[PDB]
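Numbers given in the entry's author numbering equal positions in the sequence shown, counted from 1, plus 67.
The beta-carbon is built from N, C-alpha and C at its ideal position, and this holds for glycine as well.
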Amino acid sequence: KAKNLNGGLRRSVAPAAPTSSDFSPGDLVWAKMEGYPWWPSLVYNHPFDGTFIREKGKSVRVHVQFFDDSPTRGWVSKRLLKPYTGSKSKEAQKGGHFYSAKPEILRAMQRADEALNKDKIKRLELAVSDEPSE
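Quick look at the structure:
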């Protein structure tokens with residue numbers, strides 16, 4: 068029963084101090100999350116824009132969205148974000164590390180690939196532009 072009440076804050080688990088993996092808004096990033104599978108994502112700037120970090124002392128989190136269903140967004144472990152490349156790359160192709168075949172994960176590789184391999188207009192066109200509920 069390793070979750071008393073709410074287990075700390077958001078999903079209990081924090082990263083640590085990085086010297087690896089630092090991607091800020093406008094880019095494609097592949098993110099992995101704490102109890103979830105591997106996910107091809109977009110790093111996006113939320114209505115607190117011009118600054119992009121959430122931090123507690125000597126540990127950092129950034130805002131991104133994940134190309135899931137609606138899609139989803141939250142504050143992620145930035146050290147679990149990988150850079151903008153796609154479906155033809157050895158870690159994004161079959162036998163690759165981020166490659167889970169769910170049609171949402173493959174489509175997210177194709178949608179993330181079309182935007183990252185071309186222009187910003189393709190990724191920010193989707194962003195997390197579902198309904199203007201801010």
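Roughly how many whole angstroms lie between the Cα atoms of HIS164 and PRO104? Locating residue 164 in the sequence shown gives position 97, where the first residue counts as 1. Locating residue 104 in the sequence shown gives position 37, where the first residue counts as 1. Distance between the alpha carbons of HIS164 and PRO104: 11 Å.
Buried/exposed call for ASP136, threshold 16 Cβ in 10 Å: One-based indexing of the sequence shown puts residue 136 at position 69. By the neighbour-count definition (other C-beta atoms within 10 Å, threshold 16), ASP136 is an exposed residue.
For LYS70 and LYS185, I'd like the C-alpha separation in whole angstroms. Locating residue 70 in the sequence shown gives position 3, counting from the first residue. Locating residue 185 in the sequence shown gives position 118, counting from the first residue. Between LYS70 and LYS185, the C-alpha separation is close to 43 Å.
Give the straight-line distance between the Cα atoms of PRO92 and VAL110, rounded to the nearest whole angstrom. As a working note, residue 92 is residue 25 in the sequence shown. As a working note, residue 110 is residue 43 in the sequence shown. Distance between the alpha carbons of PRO92 and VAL110: 5 Å.
Straight-line CA distance for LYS189 to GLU181? Position 122 of the sequence shown, counted from the start, is the residue given in the question as residue 189. Position 114 of the sequence shown, counted from the start, is the residue given in the question as residue 181. About 7 Å.
Do the CB positions of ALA83 and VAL143 come within less than 8 Å of each other? As a first step, residue 83 is located in the sequence shown; it is residue number 16 there, counting from the start. As a first step, residue 143 is located in the sequence shown; it is residue number 76 there, counting from the start. Not a contact, by the Cβ cut-off of 8 Å.
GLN132, enclosing beta strand (DSSP E) - first and last residue: Within the sequence shown, residue 132 is the residue found at index 65, counting from 1. Element bounds for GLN132: 127-133.
Proximity of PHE134 and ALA179 at Cβ, strictly below 8 Å: By 1-based counting over the sequence shown, the position of residue 134 is 67. By 1-based counting over the sequence shown, the position of residue 179 is 112. Closer than 8 Å, so yes.
In this structure, what does DSSP give as the bridge partners for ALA98? Position 31 of the sequence shown holds residue 98. According to DSSP, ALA98 shares a beta bridge with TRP106 and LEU148.
Simplified DSSP assignment, three categories, for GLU122: Within the sequence shown, numbered from 1, the residue matching residue 122 stands at position 55. If DSSP states are grouped into helix, strand and coil, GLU122 belongs with the strands.
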